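Everything below concerns the one structure shown next.
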Amino acid sequence: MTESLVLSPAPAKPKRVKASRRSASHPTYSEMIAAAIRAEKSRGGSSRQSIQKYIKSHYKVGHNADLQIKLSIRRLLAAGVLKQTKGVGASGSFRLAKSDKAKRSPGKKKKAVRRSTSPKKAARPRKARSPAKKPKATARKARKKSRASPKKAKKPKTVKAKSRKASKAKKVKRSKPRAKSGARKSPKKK
Amino acid sequence: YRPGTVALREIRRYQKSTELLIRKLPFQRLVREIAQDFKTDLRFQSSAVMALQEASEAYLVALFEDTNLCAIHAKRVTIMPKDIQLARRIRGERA
Amino acid sequence: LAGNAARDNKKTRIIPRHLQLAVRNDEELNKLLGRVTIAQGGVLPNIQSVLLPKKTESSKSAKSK
DNA sequence: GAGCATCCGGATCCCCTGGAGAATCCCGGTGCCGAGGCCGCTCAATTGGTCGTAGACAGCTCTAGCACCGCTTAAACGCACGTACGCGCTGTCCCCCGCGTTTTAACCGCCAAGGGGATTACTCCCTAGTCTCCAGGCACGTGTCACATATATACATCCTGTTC
DNA sequence: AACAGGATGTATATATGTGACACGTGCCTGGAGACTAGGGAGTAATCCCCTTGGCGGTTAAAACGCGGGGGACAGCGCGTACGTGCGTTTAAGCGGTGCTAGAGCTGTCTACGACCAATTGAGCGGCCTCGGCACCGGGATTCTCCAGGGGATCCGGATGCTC
């Protein structure tokens with residue numbers, strides 16, 4: 001812990017702390033890596049260049065951040081807050097431990113049928129003139145539970161019945177007729 | 001017949017069977033070739049050639065047995081030129 | 001010891017194969033001899049566990065190789 | 001025109017590069033002083049060397065027949081082509097340690113002497129093998145007959161391995 | 001969820017030759033017999049040297065837990081490198097002839113056995129003296145700690161859109 005490493009090069013590091021103002025959302029030094037982690041939007045995670053780009057909006061170009069990132073990753077590993085994926089498909093992709101619980105691997109079918117219906121919902125009205133409406137094709141029950149038509153139909157009735165506000169119920173015949181009006185514009189008839 | 005697993009079938013047969021694996025006369029002309037440089041017109045009997053062949057076969061088999069264990073040591077299966085270097089030197093032969 | 005191998009080998013007369021088998025089987029006999037060459041002795045089966053891919057030849061992750 | 005979190009260029013600061021003086025360390029290079037190799041006197045049995053003769057192993061001479069270098073076709077093995085996935089090699093960091101740095105004083109270690117037991121010289125006597133000096137039975141070849149299990153074949157019929 | 005396909009491993013009786021033994025003769029050499037004979041061992045006294053411990057006095061090698069760097073184990077993966085499938089060709093055995101010397105008969109010389117005394121070597125055997133080795137005081141050698149003006153690249157800040 002020699003002087004040429006504790007006082008000679010130090011002044012740069014304490015001088016630049018907790019000042020990532022340009023990214024207003026969570027500018028804390030410890031939270032930049034984590035903010036990149038939620039912003040990545042991928043199962044594998046963020047690799048080195050991905051995390052560097054996601055952190056880089058301003059205030060960060062890397063005079064010493066290239067090695068400071070490795071040092072912070074070592075600190076986060078000592079804290080046990082990092083979960084990652086190996087392989088050459090993802091060149092050291094990293095994630096923060098966001099309770100995305102690890103479990104046994106086997107049981108990976110080569111399709112995702114439940115989300116396979118979403119692209120068709122995106123495509124069909126968008127291919128039509130009437131743009132993609134609000135997520136009304138399937139309700140919140142779609143990821144509440146996973147059941148067939150009778151159980152996915154009885155529950156919306158309870159959803160609407162438990163909300164007994166007449167004023168709230170008035171909106172279902174004032175926000176929906178907009179679709180009826182737009183059905184005149186997008187197709188020429190019916 | 002997968003080539004990797006068929007070789008296992010050969011191992012069972014060749015280990016069970018007892019025979020001279022290398023050709024006789026090509027080995028017989030081989031030992032004669034070496035003798036000429038050492039001593040010109042050095043003759044060989046039938047028994048001498050077979051005795052040399054059997055000793056050579058056993059010596060090569062033992063080296064193959066040792067090099068096989070060198071491959072699994074390196075988390076591998078096939079024999080590479082590095083395997084024969086480690087086995088020979090560690091026996092005190094190469095150096 | 002060799003004579004017992006002949007019965008296991010479905011043969012009456014002792015062949016050089018049984019001489020190797022008797023010596024190799026007895027570990028004490030290995031110390032006495034075994035750094036030698038036996039004419040037509042053969043080799044005892046010594047298959048290693050690194051071979052024989054008992055697991056399915058398909059890839060661990062999925063069926064595709 | 002505003003409000004909010006994604007990018008873009010403005011201006012003030014400090015760590016790469018480099019050459020030394022700071023005072024530490026650890027490691028090389030002279031000083032110093034004991035102990036194991038020598039030199040010189042004697043002390044004597046091993047042990048070469050000498051004097052003088054006798055009993056066999058082995059290079060010549062060459063013999064008689066068996067075991068290898070060519071002859072002479074007849075079958076079967078090995079050698080050669082391509083195509084494919086099994087499996088090197090790279091890239092990468094879980095994650096689990098080998099190594100550095102300090103306590104920590106007890107353990108390895110050498111100094112000044114004795115004893116009881118055990119390993120070589122010296123003397124006596126003794127029972128196997130070892131020349132005499134001959135004898136007879138086993139056990140190895142050369143003919144002469146005559147067989148027994150190994151090594152692969154005809155029928156007849158299941159287990160194993162590697163794909164789709 | 002599990003059947004097809006072609007060859008290898010099974011029983012079962014079926015052929016052959018070479019490996020094996022049994023006669024019948026024949027003849028040294030390897031065991032056996034039975035004493036006389038000289039030399040390695042059983043068995044008695046002698047004598048110093050070897051190991052077992054007293055018995056203290058510093059000092060350099062263990063014994064152990066914490067720290068922060070990093071290297072072995074292990075995951076996938078795209079492309080390189082080696083073992084099946086099918087074919088003709090030319091390398092291997094036969095196995096009677098023929099031709100070298102290995103191996104086996106004669107008879108003589110030679111260096112090597114063997115008794116018997118003198119005479120140089122070369123450690124013992126207790127007596128003195130010496131030159132490089134090894135321990136121990138001094139500093140020399142790369143890394144380690146400092147002081148300087150500022151610089152180029154960063155952290156500090158300037159600037160962009162649709163209901």
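Numbering starts fresh at 1 for the residues of each chain in the structure tokens, the chains themselves are lettered A, B, ... in the order given, and ligands are numbered from 1 as they appear.
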
Define the interface residues of chain B facing chain D as those within 8 Å, counting only C-alpha atoms (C1' of nucleotides), and report them as a ChimeraX atom specification. /B:1-2,4,45

Hey, which bits of chain E sit within 10 Å of chain B, and for each residue what's the closest pair of atoms and how far apart in Å (one decimal), counting only C-alpha atoms (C1' of nucleotides), rows by chain and increasing number, as CSV?
residue,atom,partner,partner_atom,distance
E:82,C1',B:3,CA,9.3
E:83,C1',B:3,CA,5.2
E:84,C1',B:3,CA,6.2
E:91,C1',B:26,CA,9.7
E:92,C1',B:25,CA,7.8

Keeping only N, CA and C atoms (P, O5', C5', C4', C3', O3' and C1' of nucleotides), take the residues you just selected and write them out as a PDB file, in the first residue's frame.
ATOM      1  P    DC E  82      -4.773 -35.663 -37.512  1.00  0.00           P
ATOM      2  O5'  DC E  82      -5.555 -37.053 -37.404  1.00  0.00           O
ATOM      3  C5'  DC E  82      -6.201 -37.410 -36.189  1.00  0.00           C
ATOM      4  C4'  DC E  82      -7.364 -38.351 -36.449  1.00  0.00           C
ATOM      5  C3'  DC E  82      -6.997 -39.647 -37.175  1.00  0.00           C
ATOM      6  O3'  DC E  82      -7.719 -40.735 -36.617  1.00  0.00           O
ATOM      7  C1'  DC E  82      -8.654 -38.501 -38.392  1.00  0.00           C
ATOM      8  P    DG E  83      -7.087 -42.211 -36.622  1.00  0.00           P
ATOM      9  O5'  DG E  83      -8.353 -43.169 -36.799  1.00  0.00           O
ATOM     10  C5'  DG E  83      -9.330 -43.246 -35.772  1.00  0.00           C
ATOM     11  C4'  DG E  83     -10.714 -43.497 -36.348  1.00  0.00           C
ATOM     12  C3'  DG E  83     -10.902 -44.836 -37.051  1.00  0.00           C
ATOM     13  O3'  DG E  83     -12.243 -45.263 -36.871  1.00  0.00           O
ATOM     14  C1'  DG E  83     -11.255 -43.103 -38.597  1.00  0.00           C
ATOM     15  P    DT E  84     -12.722 -46.724 -37.335  1.00  0.00           P
ATOM     16  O5'  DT E  84     -13.968 -46.413 -38.286  1.00  0.00           O
ATOM     17  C5'  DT E  84     -14.754 -47.472 -38.809  1.00  0.00           C
ATOM     18  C4'  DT E  84     -15.869 -46.924 -39.681  1.00  0.00           C
ATOM     19  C3'  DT E  84     -16.338 -47.863 -40.782  1.00  0.00           C
ATOM     20  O3'  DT E  84     -17.689 -47.576 -41.131  1.00  0.00           O
ATOM     21  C1'  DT E  84     -15.332 -45.987 -41.760  1.00  0.00           C
ATOM     22  P    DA E  91       5.623 -54.974 -54.832  1.00  0.00           P
ATOM     23  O5'  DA E  91       6.074 -55.595 -53.430  1.00  0.00           O
ATOM     24  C5'  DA E  91       5.837 -54.875 -52.229  1.00  0.00           C
ATOM     25  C4'  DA E  91       4.922 -55.654 -51.303  1.00  0.00           C
ATOM     26  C3'  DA E  91       5.518 -56.924 -50.729  1.00  0.00           C
ATOM     27  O3'  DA E  91       6.264 -56.621 -49.556  1.00  0.00           O
ATOM     28  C1'  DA E  91       3.298 -57.326 -51.505  1.00  0.00           C
ATOM     29  P    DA E  92       7.101 -57.770 -48.810  1.00  0.00           P
ATOM     30  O5'  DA E  92       6.000 -58.549 -47.949  1.00  0.00           O
ATOM     31  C5'  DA E  92       6.283 -59.839 -47.438  1.00  0.00           C
ATOM     32  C4'  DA E  92       5.018 -60.667 -47.333  1.00  0.00           C
ATOM     33  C3'  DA E  92       5.245 -62.140 -47.051  1.00  0.00           C
ATOM     34  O3'  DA E  92       5.286 -62.360 -45.645  1.00  0.00           O
ATOM     35  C1'  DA E  92       3.546 -61.801 -48.733  1.00  0.00           C
TER      36       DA E  92
END

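Distances from E:155, E:68, E:107, E:19 to chain C were compared using only C-alpha atoms (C1' of nucleotides), and the smallest one belongs to E:19.
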
Using only C-alpha atoms (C1' of nucleotides), determine which residues of chain C fall within 12 Å of chain E; present them as a VMD selection string. chain C and resid 13 59 to 61 65

Kindly export the residues of the current selection with C-alpha atoms, as a PDB file, in the first residue's frame.
ATOM      1  CA  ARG C  13      -3.961 -77.314 -23.128  1.00  0.00           C
ATOM      2  CA  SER C  59     -25.361 -32.710 -26.995  1.00  0.00           C
ATOM      3  CA  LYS C  60     -25.901 -32.049 -23.289  1.00  0.00           C
ATOM      4  CA  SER C  61     -27.895 -28.867 -23.917  1.00  0.00           C
ATOM      5  CA  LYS C  65     -25.031 -32.004 -32.005  1.00  0.00           C
TER       6      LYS C  65
END

Please identify all residues of chain A having at least one atom at most 9 Å from any atom of chain C, considering only C-alpha atoms, and return them as number ranges by chain. A: 105-106, 108-110

Shell around residue 16 in chain C at 7 Å using only C-alpha atoms (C1' of nucleotides), local window under 2 positions removed, as a PyMOL selection string: chain C and resi 14+18-20+39-41

Written file, previous selection with N, CA, C and O atoms, as a compact mmCIF listing (two decimals), in the first residue's frame:
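Wrote selection_21.txt, looks like this:
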# COMPACT_ATOMS: atom_id res chain seq x y z
N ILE C 14 -2.66 -75.61 -22.01
CA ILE C 14 -2.30 -74.26 -21.61
C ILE C 14 -1.55 -73.58 -22.75
O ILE C 14 -0.56 -74.12 -23.27
N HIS C 18 -2.69 -68.00 -21.31
CA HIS C 18 -3.01 -68.27 -19.91
C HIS C 18 -1.84 -67.96 -18.99
O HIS C 18 -2.05 -67.61 -17.82
N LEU C 19 -0.61 -68.10 -19.48
CA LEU C 19 0.56 -67.78 -18.66
C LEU C 19 0.57 -66.30 -18.29
O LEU C 19 0.88 -65.94 -17.15
N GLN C 20 0.26 -65.43 -19.25
CA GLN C 20 0.17 -64.00 -18.96
C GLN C 20 -0.99 -63.71 -18.01
O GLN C 20 -0.86 -62.90 -17.09
N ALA C 39 6.38 -64.31 -24.60
CA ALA C 39 6.09 -64.64 -25.99
C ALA C 39 4.64 -65.08 -26.14
O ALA C 39 4.19 -66.01 -25.46
N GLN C 40 3.91 -64.41 -27.02
CA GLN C 40 2.49 -64.69 -27.28
C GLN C 40 1.64 -64.59 -26.02
O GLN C 40 0.58 -65.22 -25.94
N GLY C 41 2.09 -63.83 -25.03
CA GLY C 41 1.35 -63.73 -23.78
C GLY C 41 0.03 -63.00 -23.93
O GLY C 41 -0.98 -63.40 -23.33

Please identify every residue of chain A that has at least one atom no more than 10 Å from any atom of chain D, counting only C-alpha atoms (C1' of nucleotides), and report them as a ChimeraX atom specification. /A:8-13,15,22-25,54,56-58,63-64,84-88,90-93

Saved selection, atoms kept: N, CA and C atoms, as a tab-separated table (two decimals), in the first residue's frame:
chain	number	residue	atom	x	y	z
A	8	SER	N	0.30	9.65	-4.33
A	8	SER	CA	0.70	10.17	-5.63
A	8	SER	C	-0.42	10.09	-6.67
A	9	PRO	N	-1.09	8.95	-6.87
A	9	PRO	CA	-2.19	8.90	-7.85
A	9	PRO	C	-3.59	9.05	-7.27
A	10	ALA	N	-3.73	9.20	-5.95
A	10	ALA	CA	-5.06	9.26	-5.35
A	10	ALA	C	-5.87	10.47	-5.81
A	11	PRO	N	-5.38	11.74	-5.72
A	11	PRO	CA	-6.26	12.91	-5.86
A	11	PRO	C	-7.30	12.86	-6.97
A	12	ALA	N	-7.01	12.11	-8.04
A	12	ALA	CA	-7.98	11.99	-9.13
A	12	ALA	C	-9.24	11.25	-8.68
A	13	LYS	N	-9.08	10.23	-7.83
A	13	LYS	CA	-10.22	9.36	-7.52
A	13	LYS	C	-11.20	9.99	-6.54
A	15	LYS	N	-11.66	13.04	-6.01
A	15	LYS	CA	-12.18	14.28	-6.60
A	15	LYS	C	-13.43	14.02	-7.43
A	22	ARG	N	-25.63	14.06	-15.36
A	22	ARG	CA	-26.25	14.11	-16.68
A	22	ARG	C	-27.28	13.00	-16.85
A	23	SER	N	-26.98	11.81	-16.34
A	23	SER	CA	-27.99	10.76	-16.20
A	23	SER	C	-28.69	10.99	-14.86
A	24	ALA	N	-29.79	11.75	-14.91
A	24	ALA	CA	-30.46	12.17	-13.69
A	24	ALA	C	-30.97	10.98	-12.89
A	25	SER	N	-31.44	9.95	-13.58
A	25	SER	CA	-31.95	8.77	-12.90
A	25	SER	C	-30.80	7.96	-12.30
A	54	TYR	N	-23.91	1.64	-22.07
A	54	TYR	CA	-25.10	1.99	-21.30
A	54	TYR	C	-24.77	2.96	-20.17
A	56	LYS	N	-22.30	5.07	-20.47
A	56	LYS	CA	-21.81	6.27	-21.16
A	56	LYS	C	-22.99	7.01	-21.78
A	57	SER	N	-23.51	7.98	-21.03
A	57	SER	CA	-24.31	9.07	-21.57
A	57	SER	C	-23.58	10.39	-21.50
A	58	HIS	N	-22.87	10.61	-20.40
A	58	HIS	CA	-21.88	11.66	-20.22
A	58	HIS	C	-21.11	11.30	-18.96
A	63	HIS	N	-10.61	7.55	-18.37
A	63	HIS	CA	-9.18	7.75	-18.14
A	63	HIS	C	-8.62	6.64	-17.25
A	64	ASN	N	-9.37	6.25	-16.22
A	64	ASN	CA	-9.03	5.11	-15.39
A	64	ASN	C	-10.23	4.20	-15.17
A	84	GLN	N	-24.06	-13.99	-13.54
A	84	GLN	CA	-23.62	-13.86	-14.92
A	84	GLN	C	-23.90	-15.13	-15.71
A	85	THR	N	-23.46	-15.11	-16.97
A	85	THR	CA	-23.52	-16.25	-17.87
A	85	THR	C	-22.17	-16.41	-18.56
A	86	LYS	N	-21.75	-17.66	-18.72
A	86	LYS	CA	-20.50	-17.99	-19.37
A	86	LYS	C	-20.75	-18.39	-20.82
A	87	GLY	N	-19.70	-18.83	-21.49
A	87	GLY	CA	-19.77	-19.21	-22.89
A	87	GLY	C	-19.18	-18.14	-23.80
A	88	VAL	N	-18.92	-18.55	-25.04
A	88	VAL	CA	-18.45	-17.61	-26.05
A	88	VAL	C	-19.59	-16.91	-26.77
A	90	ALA	N	-21.97	-15.28	-25.25
A	90	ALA	CA	-21.99	-14.03	-24.51
A	90	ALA	C	-20.61	-13.83	-23.90
A	91	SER	N	-19.85	-12.88	-24.44
A	91	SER	CA	-18.47	-12.66	-24.02
A	91	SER	C	-18.46	-11.99	-22.65
A	92	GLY	N	-18.63	-12.82	-21.62
A	92	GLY	CA	-18.63	-12.33	-20.25
A	92	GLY	C	-19.77	-11.40	-19.93
A	93	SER	N	-20.99	-11.76	-20.34
A	93	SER	CA	-22.15	-10.96	-20.00
A	93	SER	C	-22.40	-11.00	-18.49

Give me, as JSON lines, each residue of chain C that comes within 12 Å of chain D, together with its shortest interatomic pair and the distance in Å at one decimal, counting only C-alpha atoms (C1' of nucleotides), with rows ordered by chain and rising residue number.
{"residue": "C:11", "atom": "CA", "partner": "D:150", "partner_atom": "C1'", "distance": 9.4}
{"residue": "C:12", "atom": "CA", "partner": "D:149", "partner_atom": "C1'", "distance": 8.6}
{"residue": "C:13", "atom": "CA", "partner": "D:149", "partner_atom": "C1'", "distance": 8.7}
{"residue": "C:14", "atom": "CA", "partner": "D:150", "partner_atom": "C1'", "distance": 11.6}
{"residue": "C:15", "atom": "CA", "partner": "D:150", "partner_atom": "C1'", "distance": 11.0}
{"residue": "C:53", "atom": "CA", "partner": "D:86", "partner_atom": "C1'", "distance": 11.8}
{"residue": "C:56", "atom": "CA", "partner": "D:162", "partner_atom": "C1'", "distance": 11.2}
{"residue": "C:57", "atom": "CA", "partner": "D:162", "partner_atom": "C1'", "distance": 10.0}
{"residue": "C:58", "atom": "CA", "partner": "D:86", "partner_atom": "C1'", "distance": 11.9}
{"residue": "C:65", "atom": "CA", "partner": "D:85", "partner_atom": "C1'", "distance": 9.1}

May I have the residues from that selection written out with C-alpha atoms, as a compact mmCIF listing (two decimals), in the first residue's frame?
# COMPACT_ATOMS: atom_id res chain seq x y z
CA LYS C 11 -9.46 -74.90 -23.61
CA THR C 12 -7.60 -77.87 -22.17
CA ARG C 13 -3.96 -77.31 -23.13
CA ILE C 14 -2.30 -74.26 -21.61
CA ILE C 15 -1.38 -71.62 -24.19
CA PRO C 53 -19.38 -42.24 -23.63
CA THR C 56 -26.29 -39.95 -24.80
CA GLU C 57 -24.19 -39.00 -27.82
CA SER C 58 -26.49 -36.03 -28.44
CA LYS C 65 -25.03 -32.00 -32.00

Taking into account only C-alpha atoms, which residue in the set C:37, C:49, C:32, C:42 is nearest to residue 19 in chain B?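 So, comparing all the options, the nearest one is C:42.
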
Could you give me, as an mmCIF file with N, CA and C atoms, in the first residue's frame, the residues within 10 Å of residue 131 in chain A, counting only C-alpha atoms (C1' of nucleotides) and dropping anything in the same chain fewer than 5 positions from it?
data_model
loop_
_atom_site.group_PDB
_atom_site.id
_atom_site.type_symbol
_atom_site.label_atom_id
_atom_site.label_comp_id
_atom_site.auth_asym_id
_atom_site.auth_seq_id
_atom_site.Cartn_x
_atom_site.Cartn_y
_atom_site.Cartn_z
ATOM 1 N N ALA A 122 -48.928 -7.637 -32.587
ATOM 2 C CA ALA A 122 -48.218 -6.446 -33.038
ATOM 3 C C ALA A 122 -48.378 -6.248 -34.540
ATOM 4 N N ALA A 123 -48.401 -7.344 -35.299
ATOM 5 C CA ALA A 123 -48.313 -7.247 -36.751
ATOM 6 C C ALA A 123 -49.664 -6.929 -37.385
ATOM 7 N N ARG A 124 -50.728 -7.625 -36.965
ATOM 8 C CA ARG A 124 -51.984 -7.555 -37.714
ATOM 9 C C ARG A 124 -52.593 -6.154 -37.723
ATOM 10 N N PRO A 125 -52.912 -5.532 -36.579
ATOM 11 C CA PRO A 125 -53.422 -4.152 -36.646
ATOM 12 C C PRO A 125 -52.422 -3.167 -37.221
ATOM 13 N N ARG A 126 -51.124 -3.361 -36.976
ATOM 14 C CA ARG A 126 -50.131 -2.461 -37.554
ATOM 15 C C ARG A 126 -50.077 -2.602 -39.069
ATOM 16 N N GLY A 182 -62.683 4.780 -35.323
ATOM 17 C CA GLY A 182 -61.515 4.502 -36.143
ATOM 18 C C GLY A 182 -61.684 3.319 -37.073
ATOM 19 N N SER A 186 -59.928 3.179 -40.773
ATOM 20 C CA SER A 186 -58.889 2.225 -41.152
ATOM 21 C C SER A 186 -59.393 1.279 -42.246
#

Excluding range 26-30 of chain A and any residue of its chain fewer than 4 positions from it, enumerate the residues within 12 Å of it, using only C-alpha atoms (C1' of nucleotides), and give them as a PDB file with N, CA and C atoms (P, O5', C5', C4', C3', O3' and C1' of nucleotides), in the first residue's frame.
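The result, stored in out20.pdb:
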ATOM      1  N   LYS A  13      -9.083  10.227  -7.827  1.00  0.00           N
ATOM      2  CA  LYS A  13     -10.218   9.356  -7.522  1.00  0.00           C
ATOM      3  C   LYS A  13     -11.200   9.995  -6.544  1.00  0.00           C
ATOM      4  N   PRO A  14     -10.787  10.469  -5.359  1.00  0.00           N
ATOM      5  CA  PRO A  14     -11.763  11.133  -4.479  1.00  0.00           C
ATOM      6  C   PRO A  14     -12.357  12.399  -5.070  1.00  0.00           C
ATOM      7  N   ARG A  16     -13.524  12.859  -8.061  1.00  0.00           N
ATOM      8  CA  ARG A  16     -14.629  12.525  -8.957  1.00  0.00           C
ATOM      9  C   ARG A  16     -15.457  11.416  -8.310  1.00  0.00           C
ATOM     10  N   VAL A  17     -16.415  11.810  -7.472  1.00  0.00           N
ATOM     11  CA  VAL A  17     -17.302  10.871  -6.793  1.00  0.00           C
ATOM     12  C   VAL A  17     -18.715  11.440  -6.784  1.00  0.00           C
ATOM     13  N   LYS A  18     -19.699  10.588  -7.082  1.00  0.00           N
ATOM     14  CA  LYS A  18     -21.117  10.911  -6.915  1.00  0.00           C
ATOM     15  C   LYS A  18     -21.498  12.166  -7.703  1.00  0.00           C
ATOM     16  N   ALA A  19     -21.150  12.178  -8.992  1.00  0.00           N
ATOM     17  CA  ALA A  19     -21.429  13.354  -9.809  1.00  0.00           C
ATOM     18  C   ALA A  19     -21.864  12.990 -11.225  1.00  0.00           C
ATOM     19  N   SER A  20     -22.571  11.874 -11.395  1.00  0.00           N
ATOM     20  CA  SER A  20     -23.087  11.485 -12.709  1.00  0.00           C
ATOM     21  C   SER A  20     -24.433  12.166 -12.973  1.00  0.00           C
ATOM     22  N   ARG A  21     -24.408  13.499 -12.891  1.00  0.00           N
ATOM     23  CA  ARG A  21     -25.638  14.284 -12.921  1.00  0.00           C
ATOM     24  C   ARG A  21     -26.372  14.148 -14.250  1.00  0.00           C
ATOM     25  N   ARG A  22     -25.630  14.057 -15.359  1.00  0.00           N
ATOM     26  CA  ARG A  22     -26.252  14.108 -16.680  1.00  0.00           C
ATOM     27  C   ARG A  22     -27.284  12.998 -16.849  1.00  0.00           C
ATOM     28  N   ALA A  34     -25.609  -1.030 -11.951  1.00  0.00           N
ATOM     29  CA  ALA A  34     -26.934  -1.612 -11.781  1.00  0.00           C
ATOM     30  C   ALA A  34     -27.958  -0.986 -12.732  1.00  0.00           C
ATOM     31  N   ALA A  35     -27.887   0.331 -12.945  1.00  0.00           N
ATOM     32  CA  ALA A  35     -28.789   0.987 -13.889  1.00  0.00           C
ATOM     33  C   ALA A  35     -28.591   0.440 -15.296  1.00  0.00           C
ATOM     34  N   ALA A  36     -27.333   0.252 -15.699  1.00  0.00           N
ATOM     35  CA  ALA A  36     -27.056  -0.424 -16.960  1.00  0.00           C
ATOM     36  C   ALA A  36     -27.638  -1.833 -16.960  1.00  0.00           C
ATOM     37  N   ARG A  38     -30.372  -3.055 -15.352  1.00  0.00           N
ATOM     38  CA  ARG A  38     -31.802  -3.049 -15.687  1.00  0.00           C
ATOM     39  C   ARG A  38     -32.060  -2.524 -17.100  1.00  0.00           C
ATOM     40  N   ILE A  55     -23.615   2.800 -19.531  1.00  0.00           N
ATOM     41  CA  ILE A  55     -23.167   3.797 -18.569  1.00  0.00           C
ATOM     42  C   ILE A  55     -22.836   5.118 -19.252  1.00  0.00           C
ATOM     43  N   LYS A  56     -22.299   5.073 -20.472  1.00  0.00           N
ATOM     44  CA  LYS A  56     -21.813   6.267 -21.159  1.00  0.00           C
ATOM     45  C   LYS A  56     -22.991   7.009 -21.779  1.00  0.00           C
ATOM     46  N   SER A  57     -23.509   7.979 -21.034  1.00  0.00           N
ATOM     47  CA  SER A  57     -24.314   9.067 -21.574  1.00  0.00           C
ATOM     48  C   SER A  57     -23.580  10.393 -21.498  1.00  0.00           C
ATOM     49  N   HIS A  58     -22.872  10.607 -20.399  1.00  0.00           N
ATOM     50  CA  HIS A  58     -21.876  11.656 -20.222  1.00  0.00           C
ATOM     51  C   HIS A  58     -21.108  11.296 -18.957  1.00  0.00           C
ATOM     52  N   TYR A  59     -20.214  12.189 -18.538  1.00  0.00           N
ATOM     53  CA  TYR A  59     -19.522  12.104 -17.257  1.00  0.00           C
ATOM     54  C   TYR A  59     -18.639  10.868 -17.138  1.00  0.00           C
ATOM     55  N   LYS A  60     -18.460  10.105 -18.219  1.00  0.00           N
ATOM     56  CA  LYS A  60     -17.739   8.835 -18.152  1.00  0.00           C
ATOM     57  C   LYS A  60     -17.141   8.553 -19.527  1.00  0.00           C
ATOM     58  N   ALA A  65     -11.381   4.522 -15.756  1.00  0.00           N
ATOM     59  CA  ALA A  65     -12.575   3.713 -15.571  1.00  0.00           C
ATOM     60  C   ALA A  65     -12.432   2.323 -16.170  1.00  0.00           C
ATOM     61  N   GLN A  68     -11.034   0.685 -13.287  1.00  0.00           N
ATOM     62  CA  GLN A  68     -11.934   0.886 -12.158  1.00  0.00           C
ATOM     63  C   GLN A  68     -13.185   0.026 -12.280  1.00  0.00           C
ATOM     64  N   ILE A  69     -13.620  -0.270 -13.507  1.00  0.00           N
ATOM     65  CA  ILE A  69     -14.750  -1.170 -13.704  1.00  0.00           C
ATOM     66  C   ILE A  69     -14.396  -2.572 -13.226  1.00  0.00           C
ATOM     67  N   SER A  72     -14.321  -2.483  -9.415  1.00  0.00           N
ATOM     68  CA  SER A  72     -15.678  -2.473  -8.882  1.00  0.00           C
ATOM     69  C   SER A  72     -16.365  -3.818  -9.076  1.00  0.00           C
ATOM     70  N   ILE A  73     -16.057  -4.523 -10.166  1.00  0.00           N
ATOM     71  CA  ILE A  73     -16.610  -5.858 -10.369  1.00  0.00           C
ATOM     72  C   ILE A  73     -16.052  -6.825  -9.334  1.00  0.00           C
ATOM     73  N   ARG A  75     -15.099  -5.905  -6.333  1.00  0.00           N
ATOM     74  CA  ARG A  75     -15.784  -5.521  -5.101  1.00  0.00           C
ATOM     75  C   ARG A  75     -17.198  -6.092  -5.056  1.00  0.00           C
ATOM     76  N   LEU A  76     -17.918  -6.031  -6.178  1.00  0.00           N
ATOM     77  CA  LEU A  76     -19.270  -6.570  -6.239  1.00  0.00           C
ATOM     78  C   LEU A  76     -19.292  -8.087  -6.140  1.00  0.00           C
ATOM     79  N   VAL A  81     -23.071  -9.798  -5.317  1.00  0.00           N
ATOM     80  CA  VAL A  81     -24.254  -9.146  -5.862  1.00  0.00           C
ATOM     81  C   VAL A  81     -24.339  -9.312  -7.382  1.00  0.00           C
ATOM     82  N   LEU A  96     -26.697  -7.942 -12.504  1.00  0.00           N
ATOM     83  CA  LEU A  96     -26.796  -7.777 -11.066  1.00  0.00           C
ATOM     84  C   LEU A  96     -27.756  -8.812 -10.495  1.00  0.00           C
TER      85      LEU A  96
ATOM     86  P    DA D   5     -36.820  11.865 -14.609  1.00  0.00           P
ATOM     87  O5'  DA D   5     -36.627  10.962 -15.915  1.00  0.00           O
ATOM     88  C5'  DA D   5     -35.529  10.060 -16.005  1.00  0.00           C
ATOM     89  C4'  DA D   5     -35.287   9.658 -17.449  1.00  0.00           C
ATOM     90  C3'  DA D   5     -33.986   8.914 -17.697  1.00  0.00           C
ATOM     91  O3'  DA D   5     -34.082   8.162 -18.902  1.00  0.00           O
ATOM     92  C1'  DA D   5     -33.835  11.091 -18.602  1.00  0.00           C
TER      93       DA D   5
END

Report the distance between CA of residue 46 in chain A and CA of residue 83 in chain A in Å, rounded to one decimal place.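 Calculated distance between CA of residue 46 in chain A and CA of residue 83 in chain A is 11.0 Å.
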
Taking only C-alpha atoms (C1' of nucleotides) into account and nothing else, which residues of chain E lie no more than 8 Å away from chain A? Please answer as a PyMOL selection string. chain E and resi 75-77+145+153-156

Just the residues within 12 Å of residue 22 in chain B, please, counting only C-alpha atoms (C1' of nucleotides), with nothing from its chain fewer than 2 positions along; format it as a list in words. residues 19, 20, 24, 25, 26, 27, 28, 30, 50, 52, 53, 54, 55, 56, 57, 58, 60 and 61 of chain B; 78 of chain D
